[PDB]
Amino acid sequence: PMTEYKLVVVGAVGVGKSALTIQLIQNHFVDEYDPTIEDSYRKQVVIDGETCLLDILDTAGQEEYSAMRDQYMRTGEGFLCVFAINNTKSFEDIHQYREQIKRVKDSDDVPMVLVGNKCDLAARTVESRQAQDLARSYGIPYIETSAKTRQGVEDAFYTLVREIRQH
């Protein structure tokens, strides 16, 4: 009665990919910004009455990601594209990450979830209705999360698992 899902967290350099991951695992938000290279975490949860084993990957950005991005995109089965609502450069990169994933998977229907992190800060640079239209063109859900207040953090990861489970 065990089902194992492999999750991949991609995004810009500073959008809270590790903060969202640590908040789900440790239930603890880290204030200091430490760049992460490649970290894999495991956790067994219960989603809709089914015990699921989750393998989450913490990818990096910039040149370190540029070279070694094509390998883990072929291994993972669900991608949690994360952007921060406090910088627009990260939201503009979301298109580039999907094109690389779709080119690796050689398919136009890959389980993905658009996530606007850092939704606890005022003066957002990216309105919600913007990311709604983007996720609509991709055929994927859109959740606003905050790794500091774990707002919608459990809802985001569980939604990506449901996108895999129903795929």
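Throughout, we count residues from 1 along the sequence that is shown.
For the segment pair 48-56 and 65-73, the entry gives 65-73 the higher mean B-factor, averaged over Cα atoms. Two stretches are in play, 113-121 and 25-33, and the higher mean C-alpha B-factor belongs to 25-33. The entry lists a Cα temperature factor for residue 167 that places it in the highest third of the chain's modelled residues.
Compared with the other modelled residues of the chain, the Cα B-factor recorded for residue 137 ranks in the middle third. Ranked against the other modelled residues of its chain, the C-alpha B-factor of residue 131 as given in the entry falls in the lowest third.
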